[PDB]
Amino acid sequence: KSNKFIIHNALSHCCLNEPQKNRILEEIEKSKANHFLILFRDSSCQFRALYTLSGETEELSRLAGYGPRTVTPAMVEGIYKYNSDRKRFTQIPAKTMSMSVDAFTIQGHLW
């Protein structure tokens, strides 16, 4: 599995401002990663950064944008999925990280 197409769709049509957007979309193509996640500042879902998830370490690594280099499960607050037709993200009830997860927030003190 991968969610690269969902993420490209969200970045293109929801989150993002053209020269930055293109820079980020370029980062995604050079990436060999399968699972990408968007970091938001808060529950209003404004883009901060883009991460890739390692299944082996369970850690999120920053690929682009404004955010910490590494995000662990303890640091994650909320998790979200993208809805393409509605052009918005919706909060998922807390659960183990999985491929359905497209975006997240982190604990506030981490900023």
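Numbers for residues come from their place in the sequence shown, where the first is 1.
In this entry, residue 16 and residue 17 are separated by 4 to 9 residues of the deposited sequence that lack coordinates. Comparing 32-40 with 63-71, the higher mean C-alpha B-factor in the PDB entry belongs to 32-40. Once the C-alpha B-factors are averaged per stretch, 95-103 and 5-13 rank with 95-103 first.
Residue 81 sits in the middle third of its chain by CA B factor, as recorded in the PDB entry.
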